[PDB]
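Raw entry.cif, mmCIF, C-alpha atoms:
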data_start
#
loop_
_atom_site.group_PDB
_atom_site.id
_atom_site.type_symbol
_atom_site.label_atom_id
_atom_site.label_comp_id
_atom_site.auth_asym_id
_atom_site.auth_seq_id
_atom_site.Cartn_x
_atom_site.Cartn_y
_atom_site.Cartn_z
ATOM 1 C CA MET A 1 65.247 71.914 84.306
ATOM 2 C CA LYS A 2 62.901 68.920 84.611
ATOM 3 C CA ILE A 3 59.237 69.080 85.569
ATOM 4 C CA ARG A 4 58.917 68.446 89.305
ATOM 5 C CA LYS A 5 55.997 67.256 91.460
ATOM 6 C CA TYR A 6 54.871 70.650 92.768
ATOM 7 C CA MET A 7 54.628 72.129 89.237
ATOM 8 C CA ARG A 8 50.849 72.054 89.391
ATOM 9 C CA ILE A 9 48.688 75.168 89.551
ATOM 10 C CA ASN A 10 46.902 74.087 92.752
ATOM 11 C CA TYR A 11 50.197 73.746 94.644
ATOM 12 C CA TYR A 12 51.292 77.175 93.395
ATOM 13 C CA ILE A 13 47.951 78.644 94.410
ATOM 14 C CA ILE A 14 48.143 77.144 97.929
ATOM 15 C CA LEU A 15 51.702 78.461 98.465
ATOM 16 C CA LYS A 16 50.806 81.873 97.015
ATOM 17 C CA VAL A 17 47.860 82.263 99.426
ATOM 18 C CA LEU A 18 50.230 81.507 102.334
ATOM 19 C CA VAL A 19 52.811 84.077 101.120
ATOM 20 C CA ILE A 20 49.965 86.576 100.555
ATOM 21 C CA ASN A 21 48.926 86.102 104.206
ATOM 22 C CA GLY A 22 52.474 86.525 105.551
ATOM 23 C CA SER A 23 53.342 82.793 105.600
ATOM 24 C CA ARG A 24 50.666 82.117 108.262
ATOM 25 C CA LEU A 25 47.004 81.207 107.811
ATOM 26 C CA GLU A 26 44.375 79.256 109.725
ATOM 27 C CA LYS A 27 43.594 76.025 107.879
ATOM 28 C CA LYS A 28 39.815 76.648 107.943
ATOM 29 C CA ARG A 29 40.237 79.798 105.829
ATOM 30 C CA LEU A 30 42.419 78.412 103.021
ATOM 31 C CA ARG A 31 39.566 77.256 100.774
ATOM 32 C CA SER A 32 37.715 80.584 101.066
ATOM 33 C CA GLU A 33 40.931 82.565 100.525
ATOM 34 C CA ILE A 34 41.671 80.666 97.315
ATOM 35 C CA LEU A 35 38.110 81.222 96.091
ATOM 36 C CA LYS A 36 38.100 84.954 96.810
ATOM 37 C CA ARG A 37 41.669 85.659 95.626
ATOM 38 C CA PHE A 38 41.720 83.364 92.556
ATOM 39 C CA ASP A 39 38.062 82.640 91.674
ATOM 40 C CA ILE A 40 38.853 78.910 91.967
ATOM 41 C CA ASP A 41 36.758 76.526 94.075
ATOM 42 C CA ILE A 42 38.816 73.506 95.122
ATOM 43 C CA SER A 43 36.706 70.786 96.773
ATOM 44 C CA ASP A 44 37.698 69.495 100.240
ATOM 45 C CA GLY A 45 38.456 65.991 98.958
ATOM 46 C CA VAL A 46 41.082 67.510 96.637
ATOM 47 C CA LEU A 47 42.398 70.390 98.757
ATOM 48 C CA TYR A 48 43.187 68.796 102.107
ATOM 49 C CA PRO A 49 45.174 65.881 100.643
ATOM 50 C CA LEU A 50 47.316 68.484 98.813
ATOM 51 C CA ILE A 51 47.771 70.264 102.139
ATOM 52 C CA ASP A 52 48.704 66.970 103.848
ATOM 53 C CA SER A 53 51.395 66.241 101.269
ATOM 54 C CA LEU A 54 52.866 69.741 101.770
ATOM 55 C CA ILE A 55 52.798 69.340 105.569
ATOM 56 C CA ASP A 56 54.342 65.861 105.563
ATOM 57 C CA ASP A 57 57.054 67.125 103.127
ATOM 58 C CA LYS A 58 57.881 70.103 105.415
ATOM 59 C CA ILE A 59 56.809 72.711 102.827
ATOM 60 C CA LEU A 60 54.055 73.720 105.230
ATOM 61 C CA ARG A 61 53.941 73.352 109.010
ATOM 62 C CA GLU A 62 50.795 72.833 111.084
ATOM 63 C CA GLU A 63 50.349 73.905 114.709
ATOM 64 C CA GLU A 64 47.306 72.932 116.732
ATOM 65 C CA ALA A 65 45.610 76.036 118.182
ATOM 66 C CA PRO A 66 42.369 76.447 120.235
ATOM 67 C CA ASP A 67 40.498 78.247 117.420
ATOM 68 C CA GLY A 68 41.470 75.881 114.598
ATOM 69 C CA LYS A 69 44.735 74.541 113.191
ATOM 70 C CA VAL A 70 47.226 77.095 111.833
ATOM 71 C CA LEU A 71 49.267 76.594 108.670
ATOM 72 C CA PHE A 72 52.779 78.026 108.402
ATOM 73 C CA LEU A 73 55.024 78.307 105.355
ATOM 74 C CA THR A 74 58.520 77.030 106.216
ATOM 75 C CA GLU A 75 61.858 78.256 104.864
ATOM 76 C CA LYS A 76 61.848 75.153 102.648
ATOM 77 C CA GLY A 77 58.364 76.149 101.444
ATOM 78 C CA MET A 78 59.279 79.761 100.714
ATOM 79 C CA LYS A 79 62.198 78.486 98.612
ATOM 80 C CA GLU A 80 59.796 76.124 96.785
ATOM 81 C CA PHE A 81 57.333 78.966 96.186
ATOM 82 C CA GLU A 82 60.082 81.106 94.687
ATOM 83 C CA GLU A 83 61.103 78.209 92.444
ATOM 84 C CA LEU A 84 57.487 77.580 91.381
ATOM 85 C CA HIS A 85 56.787 81.266 90.835
ATOM 86 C CA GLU A 86 59.802 81.616 88.555
ATOM 87 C CA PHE A 87 58.858 78.430 86.692
ATOM 88 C CA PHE A 88 55.236 79.488 86.004
ATOM 89 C CA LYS A 89 56.250 83.050 85.147
ATOM 90 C CA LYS A 90 58.733 81.662 82.589
ATOM 91 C CA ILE A 91 56.235 79.338 80.863
ATOM 92 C CA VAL A 92 53.030 81.396 81.160
ATOM 93 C CA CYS A 93 53.841 85.125 81.215
ATOM 94 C CA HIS A 94 55.079 87.506 78.515
ATOM 95 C CA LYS B 5 48.155 60.215 82.000
ATOM 96 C CA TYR B 6 50.811 62.817 82.679
ATOM 97 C CA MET B 7 51.118 66.000 84.712
ATOM 98 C CA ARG B 8 48.972 68.625 82.908
ATOM 99 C CA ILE B 9 51.746 71.204 82.774
ATOM 100 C CA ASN B 10 53.314 69.009 80.020
ATOM 101 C CA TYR B 11 50.166 69.422 77.927
ATOM 102 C CA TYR B 12 50.365 73.223 78.286
ATOM 103 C CA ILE B 13 54.080 73.359 77.361
ATOM 104 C CA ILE B 14 53.513 71.224 74.244
ATOM 105 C CA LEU B 15 50.668 73.437 72.976
ATOM 106 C CA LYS B 16 52.619 76.608 73.854
ATOM 107 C CA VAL B 17 55.710 75.483 71.906
ATOM 108 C CA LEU B 18 53.461 74.746 68.916
ATOM 109 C CA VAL B 19 51.752 78.145 69.181
ATOM 110 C CA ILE B 20 55.129 79.934 69.442
ATOM 111 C CA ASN B 21 56.139 78.057 66.252
ATOM 112 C CA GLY B 22 53.059 79.122 64.244
ATOM 113 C CA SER B 23 51.005 76.031 65.191
ATOM 114 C CA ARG B 24 53.314 73.753 63.146
ATOM 115 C CA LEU B 25 56.465 71.864 64.162
ATOM 116 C CA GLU B 26 58.402 68.763 63.125
ATOM 117 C CA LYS B 27 57.715 66.020 65.690
ATOM 118 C CA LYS B 28 61.459 65.340 66.146
ATOM 119 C CA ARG B 29 62.165 68.983 67.061
ATOM 120 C CA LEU B 30 59.587 69.209 69.882
ATOM 121 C CA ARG B 31 61.931 68.075 72.656
ATOM 122 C CA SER B 32 64.743 70.403 71.495
ATOM 123 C CA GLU B 33 62.335 73.331 71.063
ATOM 124 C CA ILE B 34 60.963 72.976 74.601
ATOM 125 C CA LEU B 35 64.545 72.951 75.940
ATOM 126 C CA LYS B 36 65.523 75.922 73.727
ATOM 127 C CA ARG B 37 62.465 78.073 74.504
ATOM 128 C CA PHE B 38 61.971 77.275 78.213
ATOM 129 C CA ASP B 39 65.085 75.383 79.399
ATOM 130 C CA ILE B 40 62.756 72.500 80.263
ATOM 131 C CA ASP B 41 63.862 68.922 79.712
ATOM 132 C CA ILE B 42 60.911 66.625 78.932
ATOM 133 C CA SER B 43 61.456 62.955 78.045
ATOM 134 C CA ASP B 44 60.329 61.342 74.764
ATOM 135 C CA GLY B 45 58.715 58.842 77.136
ATOM 136 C CA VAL B 46 56.309 61.619 78.138
ATOM 137 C CA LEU B 47 56.190 63.653 74.900
ATOM 138 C CA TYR B 48 55.390 60.892 72.374
ATOM 139 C CA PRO B 49 52.482 59.049 74.028
ATOM 140 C CA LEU B 50 51.064 62.433 75.077
ATOM 141 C CA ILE B 51 51.137 63.588 71.437
ATOM 142 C CA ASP B 52 49.274 60.388 70.398
ATOM 143 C CA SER B 53 46.672 61.132 73.079
ATOM 144 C CA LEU B 54 46.227 64.704 71.805
ATOM 145 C CA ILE B 55 45.817 63.267 68.276
ATOM 146 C CA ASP B 56 42.950 61.072 69.550
ATOM 147 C CA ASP B 57 41.523 64.220 71.193
ATOM 148 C CA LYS B 58 41.709 66.023 67.793
ATOM 149 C CA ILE B 59 43.901 68.630 69.526
ATOM 150 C CA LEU B 60 46.832 67.901 67.233
ATOM 151 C CA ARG B 61 47.067 66.283 63.821
ATOM 152 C CA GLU B 62 50.025 64.366 62.414
ATOM 153 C CA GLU B 63 51.018 64.767 58.761
ATOM 154 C CA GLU B 64 53.571 62.349 57.335
ATOM 155 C CA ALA B 65 56.490 63.901 55.458
ATOM 156 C CA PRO B 66 60.211 63.879 54.893
ATOM 157 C CA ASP B 67 62.163 64.859 56.859
ATOM 158 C CA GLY B 68 59.679 63.442 59.417
ATOM 159 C CA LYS B 69 56.179 63.535 60.894
ATOM 160 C CA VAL B 70 54.840 67.076 61.317
ATOM 161 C CA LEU B 71 52.599 68.181 64.189
ATOM 162 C CA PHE B 72 49.791 70.697 63.675
ATOM 163 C CA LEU B 73 47.636 72.443 66.255
ATOM 164 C CA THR B 74 43.989 72.197 65.187
ATOM 165 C CA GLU B 75 41.347 74.911 65.604
ATOM 166 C CA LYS B 76 40.081 72.860 68.557
ATOM 167 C CA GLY B 77 43.685 72.634 69.778
ATOM 168 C CA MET B 78 44.174 76.403 69.484
ATOM 169 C CA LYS B 79 40.949 77.143 71.412
ATOM 170 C CA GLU B 80 41.948 74.721 74.174
ATOM 171 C CA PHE B 81 45.354 76.427 74.507
ATOM 172 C CA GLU B 82 43.842 79.914 74.639
ATOM 173 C CA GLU B 83 41.426 78.848 77.414
ATOM 174 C CA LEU B 84 44.168 77.223 79.475
ATOM 175 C CA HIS B 85 46.557 80.101 78.805
ATOM 176 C CA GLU B 86 43.988 82.682 79.971
ATOM 177 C CA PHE B 87 43.331 80.531 83.034
ATOM 178 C CA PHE B 88 47.040 80.255 84.024
ATOM 179 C CA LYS B 89 47.835 83.872 83.093
ATOM 180 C CA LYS B 90 45.330 85.395 85.519
ATOM 181 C CA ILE B 91 46.631 83.178 88.353
ATOM 182 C CA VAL B 92 50.361 83.541 87.705
ATOM 183 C CA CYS B 93 51.025 86.800 85.879
ATOM 184 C CA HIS B 94 50.854 90.149 87.710
ATOM 185 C CA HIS B 95 48.009 88.778 89.772
ATOM 186 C CA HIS B 96 46.589 90.554 92.747
#
Would you mind writing the file out in structure tokens?
Amino acid sequence: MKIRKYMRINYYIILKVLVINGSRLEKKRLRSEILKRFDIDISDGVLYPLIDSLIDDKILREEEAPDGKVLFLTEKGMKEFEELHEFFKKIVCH
Amino acid sequence: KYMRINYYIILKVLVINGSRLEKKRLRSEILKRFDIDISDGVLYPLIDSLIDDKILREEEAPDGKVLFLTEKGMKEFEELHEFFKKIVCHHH
């Protein structure tokens, strides 16, 4: 296996927070969710570009809703999460 | 600069090998231990950068240059390991 572009902790964390919330989360809550679940504070200027890349690569989907935009994890994204989860488990965990 | 995960894998492979490893065996060891293929194009300059950071040191020897994780190096791995472990392993 070669190292691939999403093998970064912040991508894993974003995908994990989606899976945690049943593959659906309002965009305005992502930063808070990450902070409360992982104790990590990602700035806006770093976070939302990561989100954009995921959305434009069809890992995430975004639907415009009246009370904020909603993020969805796609089938492609769930498969990527599973790949990333196995990768990080293999190199980090016992 | 390179993706940080490479830095972690390098330090981990050194720690697993008792903080010492022949430079030539690093690529093979990473593949053996983790089934991860990392290029010499990434590995070698990254090693030089970690040497400038005093994270590794490089002894000359036959049958080749030997890499050593410093005390600084070991502390930096532990910190990063603890950081990743809480995120990834048995989290929530």
Quick one: which chain A residues come within 8 Å of chain B, and what is the nearest atom pair for each with the distance in Å to one decimal, counting all atoms listed in the file, rows ordered by chain and ascending number, as JSON lines?
{"residue": "A:1", "atom": "CA", "partner": "B:40", "partner_atom": "CA", "distance": 4.8}
{"residue": "A:2", "atom": "CA", "partner": "B:41", "partner_atom": "CA", "distance": 5.0}
{"residue": "A:3", "atom": "CA", "partner": "B:40", "partner_atom": "CA", "distance": 7.2}
{"residue": "A:7", "atom": "CA", "partner": "B:9", "partner_atom": "CA", "distance": 7.1}
{"residue": "A:8", "atom": "CA", "partner": "B:9", "partner_atom": "CA", "distance": 6.7}
{"residue": "A:9", "atom": "CA", "partner": "B:88", "partner_atom": "CA", "distance": 7.7}
{"residue": "A:13", "atom": "CA", "partner": "B:91", "partner_atom": "CA", "distance": 7.7}
{"residue": "A:37", "atom": "CA", "partner": "B:96", "partner_atom": "CA", "distance": 7.5}
{"residue": "A:38", "atom": "CA", "partner": "B:91", "partner_atom": "CA", "distance": 6.5}
{"residue": "A:85", "atom": "CA", "partner": "B:92", "partner_atom": "CA", "distance": 7.5}
{"residue": "A:88", "atom": "CA", "partner": "B:92", "partner_atom": "CA", "distance": 6.6}
{"residue": "A:89", "atom": "CA", "partner": "B:92", "partner_atom": "CA", "distance": 6.4}
{"residue": "A:90", "atom": "CA", "partner": "B:38", "partner_atom": "CA", "distance": 7.0}
{"residue": "A:91", "atom": "CA", "partner": "B:38", "partner_atom": "CA", "distance": 6.6}
{"residue": "A:92", "atom": "CA", "partner": "B:89", "partner_atom": "CA", "distance": 6.1}
{"residue": "A:93", "atom": "CA", "partner": "B:93", "partner_atom": "CA", "distance": 5.7}
Using the chain letters and residue numbers of this document, give as an mmCIF file with C-alpha atoms, keeping the file's coordinate frame the residues selected by the PyMOL selection byres ((chain B and resi 68) around 10).
data_model
loop_
_atom_site.group_PDB
_atom_site.id
_atom_site.type_symbol
_atom_site.label_atom_id
_atom_site.label_comp_id
_atom_site.auth_asym_id
_atom_site.auth_seq_id
_atom_site.Cartn_x
_atom_site.Cartn_y
_atom_site.Cartn_z
ATOM 1 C CA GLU B 26 58.402 68.763 63.125
ATOM 2 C CA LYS B 27 57.715 66.020 65.690
ATOM 3 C CA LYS B 28 61.459 65.340 66.146
ATOM 4 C CA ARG B 29 62.165 68.983 67.061
ATOM 5 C CA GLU B 63 51.018 64.767 58.761
ATOM 6 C CA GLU B 64 53.571 62.349 57.335
ATOM 7 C CA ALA B 65 56.490 63.901 55.458
ATOM 8 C CA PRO B 66 60.211 63.879 54.893
ATOM 9 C CA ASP B 67 62.163 64.859 56.859
ATOM 10 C CA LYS B 69 56.179 63.535 60.894
ATOM 11 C CA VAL B 70 54.840 67.076 61.317
ATOM 12 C CA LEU B 71 52.599 68.181 64.189
#
Report task. May I have the residues within 12 Å of residue 74 of chain A as a ChimeraX atom specification, using only C-alpha atoms and disregarding those fewer than 6 positions away in the same chain? Result -> /A:15,18-19,22-24,54-62,80-81
Report task. Find the residues around residue 65 of chain A up to 12 Å (only C-alpha atoms counted), leave out those fewer than 6 positions away in its own chain, and share them as a VMD selection string. Result -> chain A and resid 25 to 28 71
Report summary line: Across A:45, A:29, A:10, A:16, the smallest distance to residue 77 of chain A, with only C-alpha atoms counted, is shown by A:16
Query raised in the report: So, counting only C-alpha atoms, which residue among A:11, A:87, A:79, A:21 is closest to residue 46 of chain A?
Result: A:11
Report task. Give me, please, the distance in Å between atom CA of residue 32 of chain A and atom CA of residue 17 of chain A, quoted to one decimal. Result ->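 Atom-to-atom, atom CA of residue 32 of chain A to atom CA of residue 17 of chain A, that is 10.4 Å.
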Query raised in the report: Selected by the PyMOL selection byres ((chain B and resi 58) around 10) in the shown coordinates: which residues, as number ranges by chain?
Result: B: 52-57, 59-61, 73-77
Query raised in the report: What does the distance from atom CA of residue 22 of chain B to atom CA of residue 78 of chain B come to in Å, to one decimal?
Result: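 Computing it gives 10.7 Å between the two atoms.
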Report task. Tell me, in Å to one decimal, how far atom CA of residue 83 of chain B is from atom CA of residue 31 of chain A. Result ->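 Here the two named atoms are 23.5 Å from each other.
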Report task. Give the answer as one residue: which of B:6, B:62, B:72, B:18 has the shortest atom-to-atom distance to residue 33 of chain B, using only C-alpha atoms? Result ->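 For residue 33 of chain B, the nearest of the given residues is B:18.
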